[PDB]
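Here's the structure we're looking at; comments come further down.
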Amino acid sequence: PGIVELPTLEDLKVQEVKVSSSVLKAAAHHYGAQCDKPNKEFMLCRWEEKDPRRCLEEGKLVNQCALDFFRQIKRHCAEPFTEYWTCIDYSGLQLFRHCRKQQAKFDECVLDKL
Amino acid sequence: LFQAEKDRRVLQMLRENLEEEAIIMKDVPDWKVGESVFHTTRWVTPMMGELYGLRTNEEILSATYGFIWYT
Amino acid sequence: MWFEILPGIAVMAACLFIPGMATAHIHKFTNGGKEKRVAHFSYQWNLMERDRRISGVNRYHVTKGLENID
Amino acid sequence: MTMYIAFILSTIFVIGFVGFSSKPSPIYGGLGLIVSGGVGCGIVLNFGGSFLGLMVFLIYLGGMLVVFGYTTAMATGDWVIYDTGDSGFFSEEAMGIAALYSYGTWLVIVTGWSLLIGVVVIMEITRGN
Amino acid sequence: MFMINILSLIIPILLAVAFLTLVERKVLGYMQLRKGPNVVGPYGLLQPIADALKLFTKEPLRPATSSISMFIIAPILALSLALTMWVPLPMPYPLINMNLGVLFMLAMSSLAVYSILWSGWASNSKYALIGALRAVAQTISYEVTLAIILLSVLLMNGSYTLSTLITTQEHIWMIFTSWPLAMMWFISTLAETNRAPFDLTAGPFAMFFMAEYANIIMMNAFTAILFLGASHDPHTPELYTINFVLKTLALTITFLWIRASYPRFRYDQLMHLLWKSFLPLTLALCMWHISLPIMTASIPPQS
Amino acid sequence: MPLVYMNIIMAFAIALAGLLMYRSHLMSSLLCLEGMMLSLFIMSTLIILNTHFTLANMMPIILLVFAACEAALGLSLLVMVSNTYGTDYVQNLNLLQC
Amino acid sequence: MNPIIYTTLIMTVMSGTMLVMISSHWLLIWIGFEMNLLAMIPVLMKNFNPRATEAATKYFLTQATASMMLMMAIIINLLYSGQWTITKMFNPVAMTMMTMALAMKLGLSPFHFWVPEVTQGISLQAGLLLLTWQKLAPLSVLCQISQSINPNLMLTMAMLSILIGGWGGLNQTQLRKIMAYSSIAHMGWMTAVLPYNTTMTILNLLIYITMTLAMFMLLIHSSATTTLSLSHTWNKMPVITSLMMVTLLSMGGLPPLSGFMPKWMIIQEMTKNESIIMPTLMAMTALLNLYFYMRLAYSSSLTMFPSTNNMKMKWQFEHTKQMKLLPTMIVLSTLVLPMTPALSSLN
Amino acid sequence: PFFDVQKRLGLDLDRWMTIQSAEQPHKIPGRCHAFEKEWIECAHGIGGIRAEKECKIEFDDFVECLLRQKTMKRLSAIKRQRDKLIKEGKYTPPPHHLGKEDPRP
Amino acid sequence: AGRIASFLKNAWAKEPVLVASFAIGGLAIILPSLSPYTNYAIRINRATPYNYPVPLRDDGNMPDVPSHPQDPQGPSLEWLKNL
Amino acid sequence: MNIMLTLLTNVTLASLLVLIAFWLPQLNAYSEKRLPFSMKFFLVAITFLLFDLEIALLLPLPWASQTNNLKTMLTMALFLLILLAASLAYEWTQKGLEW
Ligand SMILES: CCCCCCCCCCCCCCCCC[C@@H](O)O[C@H](CO[C@H](O)CCCCCCCCCCCCCCC)COP(=O)(O)OCC[N+](C)(C)C
Ligand SMILES: CCCCCCCCCCCCCCCCC[C@@H](O)O[C@H](CO[C@H](O)CCCCCCCCCCCCCCC)COP(=O)(O)OCC[N+](C)(C)C
Ligand SMILES: CCCCCCCC/C=C\CCCCCCCC(=O)O[C@H](COC(=O)CCCCCCC/C=C/CCCCCCCC)COP(=O)(O)OCCN
Ligand SMILES: CCCCCCCC/C=C\CCCCCCCC(=O)O[C@H](COC(=O)CCCCCCC/C=C/CCCCCCCC)COP(=O)(O)OCCN
């Protein structure tokens, strides 16, 4: 009874974020603080529409905004962030507790630059 | 970000399954390609078999049993 | 004297040294020189799956850094 | 697909039940019962219910069938029904079972009273006279 | 490279339980103003090899009238459980990581009595059957207290994961948090493995002996991990491995010491000891450890 | 309805038939009863976990507890039967008759 | 046993029955059944003897099988519809198994074999309790799902129960077996009106409970278990024999006694649904119950059987402990026909 | 029979466990939360007979969500037809269904 | 008073295990109702985010709901940090 | 999969070593020449079973500590332990633990 409608593959094409989980976790707090508005718009649309097919544009926006955030990180604070995410990636649990020193270095660097 | 990527991946898998269904079902007389089994038109979360039905057995086993078997 | 008990005990120490370290070394050799990723609660399992799909070599421990952001 | 491993385990479960359903030499029927319980625990663990499977494997096998054997010695298709999403940062089964103390007050009360009454009943029956 | 890990976990345990007999003989000898085996090899080091070869070259005394099935099954189950209970433990990284490791260990310990029951039933003698019944009753009675104490201690840990026990005891040993539970757990481990003062009792005989000694060492490592936590540095697990092995060896020496230092209980005396001294204190301390985190707002994190 | 539930129901039916046969050895009757209970536990666990009905995860454990209590009760009765007759044979319970 | 322990066990039995009656969840109902079974066993074994132990083990086996069937049917119903509330069953297969479980609990034929032996083995007080109170829970459960029961199965099992009770009551000499067969026939009458009107079921339950309470209280007062022991009663307490004969006539359905109230009313209800053959068959079958009640009355009061010399001593002593509610039970079981329309109270 | 003590006293002894969509811990949703909710709202205060006759669509959807029998039938038919064509040789799987695709996060 | 003290002294001899068990059990039963940190434990349990906080739709009449996480509006966990 | 392989390896090694231990001394030829039923054992077995059931009830305590209903959870846990202690006391007072 009825026909399901699915968007074409051209509607699902977007520049993916090609960083690993540890890299995402290293900058998770700053990403949440800076990228908050598109994230909240997308998630509110998600629990309001209750349909993945009605929230493609907000997903594209959140991908673009995350890419902009990571481009800023790459432009300004590449090396401290590299050390921080390497340290986070080494641990099996990916604990923030292990190397607070690198986290402090990255935080002070990004506070000085951006 | 994870939610957006999940939605996009699910939609792409469903679209590929729909394309393959359209290709295969061309000769069955009474078949309606992409026909829902629910009377309502509301979005329904697909099963594991609805996504990995036509894929290789290896990734089917992965998607169904990896978390349980990972120790 | 009493220290003659020490040799045999030492052997047990060696017999108890072998398993633990061995696992650790294996856990490194198979996982690219890093700690093995543990998967509880079904959320970090999705993280390893995303890492495996991102890496392009079908191995989660291959970490794609910021250089892949273009 | 591991040749329908759930189906294989279910078939072995049925074979074990047939094995001790003939009731031959009750100790051998008991052994078949441990075999079937192990297969059932394997099924539950494979499905995803680790805690419930461990409850089976601990309580049933270790205590109850052990008491059964003690008393005897004293005398003479799949994988498609599964989910799509994730459970979050916790296991849903553990949360549901642990909700016994915050939600199931009535269940706890009735089960505790039933267990105490069972103790009293066992003492009264085994008193003899 | 997983089979290599399993073999490197299994074979060293067998070697350790082989040399534990030599170590026990030497310790009890020197505690008795004498020397242990010191003629065979440099310092008795070749004694376990001679013992094993002699046992494996001696004919088995099969009753030829009992059930061969359970007679051969029981050592298989005993040795399998003894070797299997090793995997859940984390030294520092566990071979197999299981969320509910402790419950798995408890289930294995509960299943351990089937070997005793089946061996006693297949011995085809009323006296052996009575002995097996007594052993089974003692083991189940003491594993009750084992389980209660184990859950009471884990209440301060957060979950049943064995690895988290390293994180919980990062700043202080769990021995200081609850020593009475530790002592009662120690006595319960003594009585569960049929060691003095609770030891009221060729091929398969050596099978059972190795299973018992492997159970001793496994219970020892479990106690050391649970109550005597060592510092773990992720960049050098060798320190944690060395500390864990040293603590396990110290505990094993303590069991040999206790065996050499005491007379033995009667059956009724140990049954009364448990049911009238350990279980009341066990319940009281379980209530106390339920109430303590709520009182002090120190509930462990993981859930 | 998949084949797993069919197999579990078939196992329950086989256990019920074994209970109702009564060759001898009432201990085997208790064993068949508790085999039915184990089949019930497995089926209920699978059904509850499949639908993610979280609050129903209490149901199997409780079930098991109660059932095990019943088993204990039954065992006690069996013991006295043996103590009255020396053996647990079913045919010894022919004193009461219609 | 200790009076405190006996009182606690009685409390637990009543609490389990009440939990079954007042719960809207299937699991809680099963828990109530389990509690009832667990606490009922020592009551049967208060007077320890091999007969009591054998009756208790038969009862335990039957009740455990019934409870397992009930739980398995609940599992099927949950499978085919994720609902725990006690309402329409939603499954044809689940309904059939639940009906057999509740019939095993009640004692309806062909699951009736355990009732006579369990009643014979246990004492008179335990028999009274088993035949009066143990039936409230399964009957309440059946009344809650009366809209789902298949009329064919329920009606044929009711017919079989009435026939079996009527036929088996003729041969028995011991009073407890007669009472067990009477209970079987009465529940066969009772469950036949479940698909049509549950109010008639509850009214029949109340009337039957009153009559059987009066009957076991009279049998306890004059400590008689076999027919001849009851025949010896007239020499000491003729009033007891006369009241017992009146109660026996009431239980047979003779108007204008109270026992005529249910059958008549039940027949009326089954006539409203154009069911004519079955009420006639039920009346003609209950004639057999009447026959063996009349034989018991002939043996008890309407004739004077030979006595024994020692009975003279029993003339000198009075019944020390006196049971209350016996006159009320007799009156309610004999002279309440003019108050029939009170059944509209949905009792 | 059914003495509704709970509704008289408002105790809520065992009503929280009756349905899937009633206050799950941590707000964990049932697999068929939407269908059960829709059916319950359809059949509330209507009576058993009328709910059975009128809300049959919602109950059918709920049963389909619970057991997915029609989905199994459709998937099995598709798989059998694909097997028949690949046996006769008029169908070839795309790289996506051969593991040669490009996975995405 | 005197009889209770005498009975306690008698029980402390020849039966110390039961006295210790009852003392610990009663103390563990009584104490939580008096400790002031149980409310802190409840608050700590309440402050642990297990689920994603779904944002609310703005209608211009929500002054207590912050528009950004950095905004002063909303609950604060400074008390937990000070602990 | 890993745990299945580990269990299979354990059982296989145990079986192989037991069979070789049983068959090594069999290659060389040689000469090749009730009622009591004590009730106390059954009573202690039943007590163990029932206490095991109550321990199974008590098991989910580690996860029960995070519910935000700390008062209700604490009351229920203390209730369960109090019933366990009361069962032990009842079995004690009427000589259920005598040999
Ligand atoms: C009311 C009639 C009293 C006299 C008659 C008693 C009849 C038999 C006794 C059994 C009935 C007792 C009633 C208990 C029902 C439990 C529900 C009620 O009490 O509310 C609970 C309140 O909890 C209370 O702490 C219950 C404590 C009562 C248990 C202690 C003693 C029980 C003894 C009963 C007899 C058992 C054997 C004898 C023991 C001495 C729920 O707490 P709440 O947090 O709002 O809700 C949680 C759900 N959320 C998550 C949605 C919010
Ligand atoms: C011999 C005939 C039977 C006599 C039975 C003994 C008589 C003494 C009983 C004392 C009073 C009985 C009940 C106590 C009153 C308070 C309880 C009251 O609240 O209950 C109400 C109900 O009241 C009782 O049901 C009525 C009791 C009256 C019984 C007498 C009727 C007998 C008719 C034929 C004989 C005529 C009487 C002869 C003298 C007694 C609530 O009803 P409700 O919860 O909403 O519906 C539940 C039933 N459902 C589920 C089917 C819908
Ligand atoms: C503000 C509130 C504070 C919180 C309250 C907490 C305070 C608690 C204070 C008391 C707790 C102490 C409990 C210790 C355990 C009690 C067990 C016990 O008392 O049993 C003994 C019995 O114990 C034994 O005898 C066991 C002997 C077994 C041999 C072991 C030898 C002991 C030496 C080994 C060293 C122990 C190792 C401990 C460390 C282990 C590290 C892992 C008494 O038995 P009976 O003499 O027969 O008396 C009963 C008849 N009237
Ligand atoms: C309300 C708290 C409940 C929770 C805490 C307790 C939980 C677990 C502890 C209790 C377990 C069950 C106890 C069973 C009681 C059995 C009593 C008994 O019968 O024993 C008597 C003996 O016991 C007694 O003397 C009676 C009770 C003894 C003392 C009981 C408690 C006394 C007061 C406790 C509190 C102390 C005051 C508080 C001080 C606070 C600090 C200043 C018989 O001795 P036998 O061992 O059988 O004989 C062997 C030798 N022929």
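Chains: A, B, ... in order of the structure tokens. Residues: from 1 per chain. Ligands: from 1, in order shown.
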TODO: Produce as a ChimeraX atom specification the set of residues near ligand 2, where near means within 6 Å with only C-alpha atoms and all ligand atoms considered.
DONE: /G:206-207,210,332-333,336,339-340,342-343,345-347 /H:1-3
Task: All residues having an atom within 10 Å of ligand 1 (only C-alpha atoms and all ligand atoms) as a VMD selection string - done: (chain D and resid 99 101 to 114 116 to 117) or (chain G and resid 15 19) or (chain H and resid 9 to 14 16 22 to 25) or (chain J and resid 67 to 76 78 to 80 82 to 83)
Store the residues picked out above in a file with N, CA and C atoms, as a short mmCIF file (atom, residue, chain, number, x, y, z; two decimals), in the first residue's frame.
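In the end it all went to out-v5.cif:
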data_model
loop_
_atom_site.label_atom_id
_atom_site.label_comp_id
_atom_site.auth_asym_id
_atom_site.auth_seq_id
_atom_site.Cartn_x
_atom_site.Cartn_y
_atom_site.Cartn_z
N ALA D 99 16.55 -1.40 36.64
CA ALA D 99 15.33 -0.69 36.99
C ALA D 99 14.42 -1.48 37.92
N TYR D 101 14.90 -2.05 41.07
CA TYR D 101 14.86 -1.46 42.40
C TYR D 101 14.19 -0.09 42.41
N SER D 102 14.28 0.67 41.32
CA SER D 102 13.67 1.99 41.27
C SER D 102 12.23 1.96 40.77
N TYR D 103 11.89 1.00 39.90
CA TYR D 103 10.55 0.88 39.36
C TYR D 103 9.77 -0.28 39.97
N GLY D 104 10.32 -1.48 39.93
CA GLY D 104 9.61 -2.67 40.37
C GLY D 104 9.63 -2.90 41.86
N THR D 105 9.11 -1.93 42.63
CA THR D 105 8.97 -2.13 44.06
C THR D 105 8.00 -3.26 44.38
N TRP D 106 6.87 -3.30 43.66
CA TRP D 106 5.89 -4.35 43.88
C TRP D 106 6.47 -5.72 43.57
N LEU D 107 7.21 -5.83 42.47
CA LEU D 107 7.82 -7.11 42.11
C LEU D 107 8.82 -7.55 43.17
N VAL D 108 9.65 -6.63 43.65
CA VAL D 108 10.63 -6.96 44.68
C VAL D 108 9.92 -7.44 45.94
N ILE D 109 8.87 -6.73 46.36
CA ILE D 109 8.16 -7.09 47.58
C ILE D 109 7.56 -8.49 47.46
N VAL D 110 6.85 -8.75 46.36
CA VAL D 110 6.17 -10.04 46.22
C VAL D 110 7.19 -11.17 46.09
N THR D 111 8.29 -10.93 45.38
CA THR D 111 9.29 -11.98 45.22
C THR D 111 10.00 -12.28 46.53
N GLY D 112 10.33 -11.25 47.31
CA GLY D 112 10.95 -11.49 48.60
C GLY D 112 10.03 -12.23 49.56
N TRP D 113 8.76 -11.83 49.60
CA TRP D 113 7.82 -12.55 50.46
C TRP D 113 7.65 -13.99 50.00
N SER D 114 7.60 -14.22 48.69
CA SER D 114 7.47 -15.58 48.18
C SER D 114 8.68 -16.42 48.55
N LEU D 116 10.73 -15.97 51.19
CA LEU D 116 10.67 -16.26 52.62
C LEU D 116 9.64 -17.34 52.92
N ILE D 117 8.47 -17.26 52.28
CA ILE D 117 7.44 -18.27 52.48
C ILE D 117 7.92 -19.62 51.96
N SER G 15 -3.38 -14.08 50.25
CA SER G 15 -2.72 -12.96 49.58
C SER G 15 -2.41 -13.29 48.12
N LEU G 19 -3.91 -11.26 45.06
CA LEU G 19 -3.02 -10.69 44.05
C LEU G 19 -3.44 -11.12 42.65
N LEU H 9 -7.39 3.50 44.31
CA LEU H 9 -6.42 4.18 45.17
C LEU H 9 -5.36 4.96 44.40
N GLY H 10 -5.29 4.81 43.08
CA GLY H 10 -4.27 5.49 42.30
C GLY H 10 -2.87 5.08 42.70
N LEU H 11 -2.64 3.77 42.84
CA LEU H 11 -1.38 3.26 43.36
C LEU H 11 -0.35 2.99 42.27
N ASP H 12 -0.80 2.57 41.08
CA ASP H 12 0.08 2.21 39.97
C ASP H 12 1.06 1.12 40.40
N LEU H 13 0.50 -0.03 40.79
CA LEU H 13 1.32 -1.13 41.27
C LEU H 13 2.07 -1.80 40.12
N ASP H 14 1.37 -2.07 39.01
CA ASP H 14 1.99 -2.80 37.90
C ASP H 14 1.57 -2.27 36.53
N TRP H 16 2.94 0.28 34.96
CA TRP H 16 4.07 0.84 34.23
C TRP H 16 4.72 -0.17 33.30
N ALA H 22 5.59 3.34 27.98
CA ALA H 22 5.23 3.89 29.29
C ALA H 22 6.48 4.06 30.15
N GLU H 23 7.10 5.24 30.05
CA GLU H 23 8.16 5.67 30.96
C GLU H 23 9.29 4.65 31.06
N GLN H 24 9.96 4.43 29.94
CA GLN H 24 11.13 3.57 29.98
C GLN H 24 12.30 4.31 30.63
N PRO H 25 13.18 3.59 31.33
CA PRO H 25 14.33 4.24 31.96
C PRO H 25 15.24 4.89 30.92
N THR J 67 20.04 5.73 39.46
CA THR J 67 18.64 5.76 39.08
C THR J 67 17.93 7.06 39.39
N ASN J 68 18.53 7.96 40.18
CA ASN J 68 17.96 9.23 40.62
C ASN J 68 16.86 9.01 41.65
N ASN J 69 16.43 7.77 41.82
CA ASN J 69 15.58 7.37 42.94
C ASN J 69 16.41 6.65 43.99
N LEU J 70 17.37 7.39 44.56
CA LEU J 70 18.32 6.77 45.48
C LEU J 70 17.62 6.27 46.74
N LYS J 71 16.64 7.02 47.24
CA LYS J 71 15.92 6.60 48.44
C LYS J 71 15.16 5.30 48.20
N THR J 72 14.41 5.23 47.09
CA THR J 72 13.63 4.03 46.80
C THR J 72 14.53 2.83 46.54
N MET J 73 15.60 3.02 45.76
CA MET J 73 16.52 1.93 45.47
C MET J 73 17.19 1.43 46.75
N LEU J 74 17.62 2.36 47.61
CA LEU J 74 18.24 1.97 48.87
C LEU J 74 17.26 1.21 49.75
N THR J 75 16.01 1.68 49.82
CA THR J 75 15.01 0.99 50.62
C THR J 75 14.76 -0.42 50.10
N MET J 76 14.67 -0.57 48.77
CA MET J 76 14.44 -1.90 48.20
C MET J 76 15.62 -2.84 48.43
N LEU J 78 17.89 -2.67 50.89
CA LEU J 78 17.91 -3.02 52.30
C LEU J 78 16.77 -3.96 52.66
N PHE J 79 15.62 -3.82 52.00
CA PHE J 79 14.52 -4.74 52.21
C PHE J 79 14.89 -6.15 51.77
N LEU J 80 15.52 -6.29 50.60
CA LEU J 80 15.92 -7.61 50.13
C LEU J 80 16.93 -8.24 51.08
N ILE J 82 17.33 -7.55 54.25
CA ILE J 82 16.67 -7.82 55.52
C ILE J 82 15.86 -9.11 55.44
N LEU J 83 15.18 -9.35 54.31
CA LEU J 83 14.50 -10.63 54.13
C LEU J 83 15.47 -11.79 54.05
#
- [ ] Considering only C-alpha atoms, extract the chain G residues located within 9 Å of chain D and return them as an MDAnalysis selection string.
- [x] chainID G and resid 1 5 8:9 12 28 31:32 34:35 38:39 41:42 45:49
- [ ] With a distance cut-off of 8 Å and only C-alpha atoms, select the neighbouring residues of residue E:163, excluding the residue or stretch itself and same-chain residues fewer than 4 positions from it, and output the selection as number ranges by chain.
- [x] E: 89-90, 92-94, 167
TODO: Could you tell me how far atom CA of residue B:22 lies from atom CA of residue H:82, in Å and to one decimal?
DONE: 11.5 Å
Show me which residues sit within 6 Å of ligand 3 when counting only C-alpha atoms and all ligand atoms, and put them as an mmCIF file with C-alpha atoms, in the first residue's frame.
data_model
loop_
_atom_site.group_PDB
_atom_site.id
_atom_site.type_symbol
_atom_site.label_atom_id
_atom_site.label_comp_id
_atom_site.auth_asym_id
_atom_site.auth_seq_id
_atom_site.Cartn_x
_atom_site.Cartn_y
_atom_site.Cartn_z
ATOM 1 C CA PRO E 180 36.962 -7.523 56.850
ATOM 2 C CA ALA E 182 39.003 -9.135 52.239
ATOM 3 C CA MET E 183 39.717 -11.521 55.125
ATOM 4 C CA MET E 184 36.398 -13.319 54.688
ATOM 5 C CA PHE E 186 40.506 -15.019 51.725
ATOM 6 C CA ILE E 187 39.023 -17.699 53.981
ATOM 7 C CA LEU E 273 31.767 -21.516 61.002
ATOM 8 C CA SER E 277 29.955 -16.382 61.500
ATOM 9 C CA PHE E 278 30.597 -15.452 57.870
ATOM 10 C CA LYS I 14 30.572 -15.580 73.856
ATOM 11 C CA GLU I 15 28.845 -14.055 70.801
ATOM 12 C CA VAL I 17 29.986 -11.934 65.687
ATOM 13 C CA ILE I 24 26.672 -2.751 61.401
#
Open item on the list: Give me, as a VMD selection string, the residues of chain I touching chain E, with the criterion being at most 9 Å (counting only C-alpha atoms).
Closed with: chain I and resid 17 to 18 20 to 29 31 to 42 44 to 45
Atoms kept (C-alpha atoms) for selection, written as a PDB file, in the first residue's frame:
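Written out: selection37.pdb:
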ATOM      1  CA  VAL I  17      29.986 -11.934  65.687  1.00  0.00           C
ATOM      2  CA  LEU I  18      26.222 -11.482  66.010  1.00  0.00           C
ATOM      3  CA  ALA I  20      28.932  -6.821  65.296  1.00  0.00           C
ATOM      4  CA  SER I  21      26.568  -7.940  62.523  1.00  0.00           C
ATOM      5  CA  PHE I  22      23.528  -6.347  64.157  1.00  0.00           C
ATOM      6  CA  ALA I  23      25.430  -3.153  64.979  1.00  0.00           C
ATOM      7  CA  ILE I  24      26.672  -2.751  61.401  1.00  0.00           C
ATOM      8  CA  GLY I  25      23.260  -3.535  59.917  1.00  0.00           C
ATOM      9  CA  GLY I  26      21.405  -1.117  62.166  1.00  0.00           C
ATOM     10  CA  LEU I  27      23.994   1.605  61.621  1.00  0.00           C
ATOM     11  CA  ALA I  28      23.805   1.189  57.839  1.00  0.00           C
ATOM     12  CA  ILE I  29      20.001   1.305  57.990  1.00  0.00           C
ATOM     13  CA  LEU I  31      22.659   6.582  58.881  1.00  0.00           C
ATOM     14  CA  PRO I  32      21.563   7.461  55.287  1.00  0.00           C
ATOM     15  CA  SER I  33      18.480   9.320  56.534  1.00  0.00           C
ATOM     16  CA  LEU I  34      20.791  11.599  58.559  1.00  0.00           C
ATOM     17  CA  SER I  35      23.726  12.145  56.193  1.00  0.00           C
ATOM     18  CA  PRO I  36      23.579  15.493  54.343  1.00  0.00           C
ATOM     19  CA  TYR I  37      25.515  14.178  51.320  1.00  0.00           C
ATOM     20  CA  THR I  38      22.715  11.938  50.019  1.00  0.00           C
ATOM     21  CA  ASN I  39      21.135  14.962  48.328  1.00  0.00           C
ATOM     22  CA  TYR I  40      24.545  15.651  46.789  1.00  0.00           C
ATOM     23  CA  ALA I  41      24.648  12.069  45.492  1.00  0.00           C
ATOM     24  CA  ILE I  42      21.171  12.454  43.986  1.00  0.00           C
ATOM     25  CA  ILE I  44      25.393  14.167  40.956  1.00  0.00           C
ATOM     26  CA  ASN I  45      23.314  11.354  39.471  1.00  0.00           C
TER      27      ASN I  45
END
Task: Spatial neighbours of residue F:37, 10 Å, only C-alpha atoms, chain gap at least 2 places, as JSON, numbers by chain - done: {"F": [12, 15, 31, 32, 33, 34, 35, 39, 40, 41, 42, 43, 63, 64, 67, 68], "G": [68, 69, 71, 72]}
TODO: Point out the residue among H:8, H:26, H:73, H:15 with the least atom-to-atom distance to chain E, counting only C-alpha atoms.
DONE: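 Among the listed residues, H:26 lies closest to chain E.
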TODO: May I have the residues within 9 Å of residue D:73 as a PyMOL selection string, using only C-alpha atoms and disregarding those fewer than 6 positions away in the same chain?
DONE: (chain D and resi 27) or (chain E and resi 117+121+129+133)
Open item on the list: So that I can check the surroundings of residue C:29, please list as a ChimeraX atom specification every protein, DNA and RNA residue that reaches within 12 Å of it, counting only C-alpha atoms and ignoring chain neighbours fewer than 6 positions away.
Closed with: /C:22-23,35-36,61 /E:1-2,5
For chain B against chain A, which residues fall within 6 Å using only C-alpha atoms, given as an mmCIF file with C-alpha atoms, in the first residue's frame?
data_model
loop_
_atom_site.group_PDB
_atom_site.id
_atom_site.type_symbol
_atom_site.label_atom_id
_atom_site.label_comp_id
_atom_site.auth_asym_id
_atom_site.auth_seq_id
_atom_site.Cartn_x
_atom_site.Cartn_y
_atom_site.Cartn_z
ATOM 1 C CA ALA B 4 23.786 13.255 9.889
ATOM 2 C CA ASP B 7 20.984 9.270 8.040
ATOM 3 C CA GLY B 34 9.410 -0.009 -3.847
ATOM 4 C CA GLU B 35 6.007 -0.830 -2.359
ATOM 5 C CA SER B 36 5.608 -0.197 1.353
ATOM 6 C CA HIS B 39 -0.612 1.280 5.531
ATOM 7 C CA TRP B 43 8.861 6.940 7.988
#
- [ ] For atom CA of residue F:21 and atom CA of residue G:112, determine how far apart the two atoms are, in Å to one decimal place.
- [x]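 Atom-to-atom, atom CA of residue F:21 to atom CA of residue G:112, that is 17.9 Å.
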